[PDB]
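Undergrad: this one is an experimental structure. Sequence first:
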Amino acid sequence: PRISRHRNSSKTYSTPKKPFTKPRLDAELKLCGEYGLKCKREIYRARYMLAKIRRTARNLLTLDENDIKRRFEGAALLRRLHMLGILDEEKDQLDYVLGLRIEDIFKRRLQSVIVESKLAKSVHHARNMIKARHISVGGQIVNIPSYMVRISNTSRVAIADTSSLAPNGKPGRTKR
Amino acid sequence: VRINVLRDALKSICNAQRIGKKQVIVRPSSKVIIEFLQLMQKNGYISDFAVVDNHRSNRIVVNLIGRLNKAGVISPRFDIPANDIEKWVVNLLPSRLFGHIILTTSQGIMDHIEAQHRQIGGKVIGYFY
Amino acid sequence: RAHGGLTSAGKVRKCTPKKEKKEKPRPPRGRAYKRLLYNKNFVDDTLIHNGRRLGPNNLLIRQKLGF
Amino acid sequence: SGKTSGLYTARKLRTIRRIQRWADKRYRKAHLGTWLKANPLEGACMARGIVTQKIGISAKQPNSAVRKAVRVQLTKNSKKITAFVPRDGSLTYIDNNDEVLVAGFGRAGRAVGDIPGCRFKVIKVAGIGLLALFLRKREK
Amino acid sequence: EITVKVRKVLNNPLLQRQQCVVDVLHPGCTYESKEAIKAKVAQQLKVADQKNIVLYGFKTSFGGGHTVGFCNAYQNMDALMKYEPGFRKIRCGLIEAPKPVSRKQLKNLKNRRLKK
RNA sequence: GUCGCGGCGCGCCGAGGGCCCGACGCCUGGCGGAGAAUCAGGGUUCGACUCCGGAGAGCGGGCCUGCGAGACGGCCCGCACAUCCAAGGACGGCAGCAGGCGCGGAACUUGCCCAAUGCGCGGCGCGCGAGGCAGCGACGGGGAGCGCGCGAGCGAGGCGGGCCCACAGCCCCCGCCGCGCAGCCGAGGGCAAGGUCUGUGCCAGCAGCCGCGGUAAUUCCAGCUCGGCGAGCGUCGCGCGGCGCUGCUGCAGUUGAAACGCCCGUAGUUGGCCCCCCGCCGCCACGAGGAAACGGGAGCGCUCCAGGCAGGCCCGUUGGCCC
């Protein structure tokens, strides 16, 4: 009754068992300053998924090389990480997946890919620009700063076709 | 009286190795002890074992090469799913690479590695590393 | 008359003087707050590091913030 | 002790656990059902109540103070609770026989701190939380 | 630009129609309405009768507009009148809308008529 | 007798049937499983509600109709507790949906429609408080904000559209107008953050715990600073982990809690070796068959996501496969 009940949801963010550790806390502030993260919840989502992917590689470790399940899952797990551009394309092995750190997940951010493209020359300005949707991924305007661009779309990401740089109309201060 | 004979003998073998004695006399002898000793001799943790046959239970004289850390019995002889034999090794044996859990299978008494090689579960006689 | 009890209800809360809040500007709530806390510690290393870091609330570190 | 370990001794192992699992005071409190029947807050986070009287309790030594408290009769079980009103001077906010919500001190039915005999403490008075009254966020 | 190429065309002999996916690649400002888009839709459909074409479901995507809609184009207007959900046909004026009761009013009258 | 087997009812004839491998009796703030929570492994805990199967429609009975109900939005009666009333009589049943009340710490609109999703009725469309849709809605889950720039620029909003929709709406897309907008616990430790000024003086208070306060409080009442989390933060109850402090893995008993004072003993449990070669065991592997959701997982850009099984110029497009 009410298929709204049938819709599901998941916990994507994991809090530290030890809440107050001064060395870990300060490092999280560095990550938050360097990658322009909003709150430590932001970091938790990335930390959780790094853990699960590495855990999947460890589950595959206890399987024999080329096991029907090991080969099928192994191909897919490696494929998604280099498909997103997170893991070294050439390695494609479980051991290389084990070394991945949340910095890779932070690098996939659309707001991160802008500071490398020199569009906003500031993670905090990239965040600001994405909020005004002045950056478009290949014909898709994005208001969300964690688009997680797949490797191919780095060429596509550019200033939006809507008024901004090379403007469609009047943007911002010229408009106002 | 003696309900487990393997355990009593293996404890003696470990006790002799502690005081650095090569030759041990095991007072009770059994086919399971015989097979357990044969597997250890193959893996070279023990040397030649000579059974002095008597008109009773039999005694075994075992020459030790000084290369066994520890042996043991699992009582009762549990039933192990072939899939979960790894869990038994992870806890009882140190390191996946070194150490032998000795099993019994309808095919025969066999090594945990051999049990994995044909994926057949069984009962654990004991363990040696 | 040391116990006081129900007759001493209130007491130090009622006796206390009221010192006013000093008017302050808002903080940059947002990732910006994380950005500015980072510029307080890891970037600059002057506000906390008098030669070496002294801790966020050290008395020497105060007054260098005008406090 | 051999801890009965035979392949056919699985009723003995089960029996021993069920009988000796009752020795633990915490498992006993949790699964005996004695707490549920005897709890003034029986399986409830909190309960409504009238203040029997406003009486301070002298604190256990070394600490020396009269911690103002209110005796409270519960609507649900008609049992009398001694509830410590918290913060400073908050007893004044309460009047005798006012509506009061009371929650446990946080030690799960055990007394917290120097207050003697205080399994619970006052959270709200006549619809207004005592902190809200204390901070003046919401007045009486 | 009204780039309505029209995809996933399916002729339905049963309903005497040819329903089809529709994509409008318009940059910047919104496409100017469903009915104006319909004139181009008929040309791409090649049905050649303006009345039997109608698009159910239009959504403009976030940022760039690549709206996907499903135009029902029929061989005959009378096939459209025999087989069209009344509410959509009410919106297009093909059929008029005899306004009903409150559904509750039908229930209240039903209860009294049952009482007879 | 029943649709039918049966102590299922009846006569008759015997003397059984159960049990320390716990019967019977009693109790249960006992629906059961699919599942859920927590988590190395093993465990533990919970099964109101989605799916399934049961069981009931205030409480007992008893019934006809029917293909099927011991039906309660059928009837009949006993028992409560009601309502209409002209006092003669009549007539009940929200463990349907809103809504009232009682109670409890605790829980939504007397809201709108059959158009899907089904079903009822018959080839030509209506019925459905099933269901959908909106309202309330910090149960909770997820995505963005409160800036940034030297002056760059929105979205939150507003106003008309487009479109959506049973109609509304909301989203999104357009043009214009453009109002960024934070808290809640703490700093003696555990446990992150003041060898600052006020008050107070074992008082008031604080403090899960150890502790602070007795006139110079790092612990209170304030100011100031600073910390942690974050549109959430605190508080209380409970489950799990912690806790190998329940111990199968895996606990202890000389002295911290704990070998019965001693011995025989029935059940129970445990039983040296020894026969290769089959027979039944147990045991282990391998099948077969038995719903999904769910957990995992392939494939996939909901603008990102929590999602969903979609999508795309297509495996016979997919939605495998495991549980």
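TA: Structure received. Numbering: from 1, shown residues only, chains lettered A, B, ... in the order given.
Undergrad: neighbours around residue B:100, how many?
TA: Neighbours of residue B:100 under the rule other CB atoms under 10 Å in any protein chain shown: 21. All C-beta atoms are positioned from the backbone trio N, CA, C, and that covers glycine.
Undergrad: is it true that it touches residue B:111?
TA: Yes. Counting by CB atoms under 8 Å, residue B:100 touches residue B:111, with 5.6 Å between them.
Undergrad: give the residues shared as contacts by those two.
TA: Jointly contacting residue B:100 and residue B:111 under the rule CB atoms under 8 Å, 6 or more residues apart in numbering or on different chains are residue B:39.
Undergrad: all helices for the chain, in order.
TA: By default, I'm working from chain A. Counting by DSSP state H, one finds helices in chain A at the ranges A:22-34, A:40-61, A:68-84, A:94-98, A:102-107, A:110-117, A:123-131, A:153-156.
Undergrad: hmm, no, I was thinking of chain D.
TA: D:11-20, D:25-32, D:34-38, D:130-135.
Undergrad: out of those, the one nearest residue A:101 is which?
TA: Closest to residue A:101 of those is helix D:25-32 (CB to CB; 41.6 Å).
Undergrad: ok, the closest one near RNA strand F or not?
TA: Yes. Helix D:25-32 reaches RNA strand F (CB under 7 Å from any atom of the strand) through D:27, D:30, D:31.
Undergrad: which residues sit in contact with the second one?
TA: If you count contacts by CB under 8 Å, 6+ apart, residue D:30 has none.
Undergrad: most tightly surrounded among the helices of chain D?
TA: Ranked by mean neighbour count under mean count of other CB atoms under 10 Å in any protein chain shown, the helices of chain D are led by helix D:130-135, which reaches a mean of 16.
Undergrad: other SSEs contacting that helix?
TA: In terms of contacts (3 or more CB pairs under 8 Å, 6 or more residues apart in numbering or on different chains; DSSP states H and E), helix D:130-135 is packed against strand D:120-125.
Undergrad: packing partners of the strand it packs on?
TA: Against strand D:120-125 (3+ CB pairs under 8 Å, 6+ apart) you get strand D:66-74, strand D:80-84, strand D:99-104, helix D:130-135.
Undergrad: report the angle between that strand and strand D:80-84.
TA: Per axes from the mean of the first three to the mean of the last three CA atoms, to 10 degrees, the angle that strand D:120-125 makes with strand D:80-84 is 80 degrees.
Undergrad: now do strand D:120-125: everything it contacts.
TA: Identification of contacts with strand D:120-125 by CB under 8 Å, 6+ apart yields D:40-41, D:46, D:70, D:72, D:81-86, D:90, D:93-94, D:98-105, D:112, D:129-130, D:133, D:140.
Undergrad: chain E versus the nearest residue to residue C:48 once chain neighbours are set aside, what's the distance?
TA: In space, and not counting its chain neighbours, residue C:48 is closest to residue C:41: 5.4 Å by CB to CB, 6 or more residues apart in numbering or on different chains. In this structure, residue C:41 lies at 38 Å from chain E, with CB to the nearest CB, to the nearest Å as the measure.
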